[PDB]
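First, one chain by itself in structure tokens, the form deposited in one PDB entry.
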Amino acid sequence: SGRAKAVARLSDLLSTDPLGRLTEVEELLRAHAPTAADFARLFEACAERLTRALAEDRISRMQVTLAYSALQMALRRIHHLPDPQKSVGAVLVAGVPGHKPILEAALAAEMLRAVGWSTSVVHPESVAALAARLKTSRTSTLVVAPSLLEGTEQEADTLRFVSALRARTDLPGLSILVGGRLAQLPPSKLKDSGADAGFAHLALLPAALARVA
């Protein structure tokens, strides 16, 4: 299928010269990712390899950082849908304060716009700043975008963030969806945390979003 091959080749470019060979990175991505869901699947496969390479000291934090930025520029180059004319609903896609899931959040938005959600991305300074946004925009669904390559969220940190949001009394019937490592928790222990649904991988977000909203 040249799926594993795409991953290998792209992983290699990202590890050696992501910003110098950006054009080749993009060619590979637009050839193997017609949709943002395909991009996301490709990204997570590559992130597994870079993460392993970092763990084995075959690359540096700086190299992962350069690859991450390269991927962001590649994504906007390839995928950039406007809001749907008439949406199926309003979704807010947000990172955990102190973290910056830039690619993941933008990948999330592109998937949900692709099937008719009016989406907005937010990188909030704090819980209080996010809550203020929620009310003001009267949004009913919040997707917490996981950081999957660098500046990852410790499980207890996303949980605390979700809890803090719930702890407030100015959020009625809000749908919270969480990703990354939290989505590996049992359904029981998840609703206990305040999340209504987990999505184990980015591409699984649209299916998860339909089941709850």
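Residues that one form lacks are left out of the comparison. When you see a residue number, it is the position in the sequence shown, counting from 1. In this text, the rigid core denotes the largest set of C-alpha atoms whose superposition between the two forms falls within 1.5 Å.
We do not show the form deposited in another entry, though everything after this point is about it.
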Rigid core superposition between the shown form and the other one: residue from 26, 44, 150, 38 with Cα shift of 2 Å or more:
150
Note yes or no: does the Cα of residue 169 move by 2 Å or more between the shown form and the other one after the core is superposed?
no
Establish whether a shift of 2 Å or more occurs at the C-alpha of residue 188 between the shown form and the other one, with the two forms superposed on the rigid core.
yes
Closer or farther: the CA pair residue 55/residue 151 in that other deposited form, versus this form, with a change of 3 Å or more?
closer
Segments displaced between the shown form and the other one (3 or more residues, each Cα shift of 2 Å or more, core-superposed):
1 to 4, 150 to 154, 185 to 189
